[PDB]
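Okay, so here's the structure we're looking at.
There are 2 protein chains.
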Amino acid sequence: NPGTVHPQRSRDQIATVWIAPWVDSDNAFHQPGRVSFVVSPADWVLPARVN
Amino acid sequence: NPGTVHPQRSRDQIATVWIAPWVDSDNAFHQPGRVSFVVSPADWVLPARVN
Numbered sequence: 154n155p156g157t158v159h160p161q162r163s164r165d166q167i168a169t170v171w172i173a174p175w176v177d178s179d180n181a182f183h184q185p186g187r188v189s190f191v192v193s194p195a196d197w198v199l200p201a202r203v204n
Numbered sequence: 154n155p156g157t158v159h160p161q162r163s164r165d166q167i168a169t170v171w172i173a174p175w176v177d178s179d180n181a182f183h184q185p186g187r188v189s190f191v192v193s194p195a196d197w198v199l200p201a202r203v204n
């Protein structure tokens, strides 16, 4: 019979950057916060071994 | 956790100038008075220490 593999999807890798307090153009103070973005998304990991 | 700061707004700085008695174009005597203006307005004082 032809073989079987298990599709494996890799986890997303995330990155979080802390932001320091800041004032915008409308003079509202922004206390320190953080924003997260995904650097490398999830994908199928083709099989090391078919059988 | 990300830190917390207290927004601090500085006080306005004012300036008062005494005016001496004077007569205008319509011949009305103006006894000595004073007028106040703001030289530096209030603003957010960004933090010396975030933590």
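First to last, the sequence lines map onto chains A1 and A2. Just so you know, the first sequence maps onto residues 154 to 204 in the deposited numbering. Just so you know, the second sequence maps onto residues 154 to 204 in the deposited numbering. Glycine included, each C-beta is placed from N, C-alpha and C at the ideal position.
Those residues which DSSP pairs with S189 (chain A1) across a bridge: Here residue 189 (chain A1) refers to the residue found at position 36 of the first sequence. Per DSSP, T169 (chain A1).
Chain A1 contact for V158 (chain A2) (CB, 9 Å cutoff): Translated into the one-based positions of the second sequence, residue 158 (chain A2) becomes position 5. Yes - at least one Cβ of chain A1 is within 9 Å of the one on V158 (chain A2).
Contact set for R187 (chain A1): own chain, Cβ-Cβ below 7 Å, skip 5 residues either direction: As a working note, residue 187 (chain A1) is residue 34 in the first sequence. Excluding positions up to five away in sequence, the list reads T169, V170, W171 and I172.
9 Å Cβ cut-off: residues of chain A2 touching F190 (chain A1): As a position in the first sequence, residue 190 (chain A1) is number 37, starting the count at 1. Per Cβ cutoff of 9 Å: no residues; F190 (chain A1) is ~16 Å from chain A2 at best.
Identity of the residues DSSP links to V158 (chain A2) by a beta bridge: To locate residue 158 (chain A2), count along the second sequence from 1; it is residue 5. Partner residues in a beta bridge of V158 (chain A2), as assigned by DSSP, do not exist.
Backbone CA spacing between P200 (chain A2) and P155 (chain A2) [nearest angstrom]: Locating residue 200 (chain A2) in the second sequence gives position 47, where the first residue counts as 1. Locating residue 155 (chain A2) in the second sequence gives position 2, where the first residue counts as 1. Rounded to the nearest angstrom, the two C-alpha atoms are 15 Å apart.
9 Å Cβ cutoff met for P185 (chain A1) and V158 (chain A2): As a first step, residue 185 (chain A1) is located in the first sequence; it is residue number 32 there, counting from the start. As a first step, residue 158 (chain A2) is located in the second sequence; it is residue number 5 there, counting from the start. Judged by beta-carbon spacing, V158 (chain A2) lies within the 9 Å limit of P185 (chain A1), meaning their Cβ atoms are closer than that value.
Closer than 9 Å to chain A1 by CB, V176 (chain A2): Within the second sequence, residue 176 (chain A2) is the residue found at index 23, counting from 1. So, not an interface residue.
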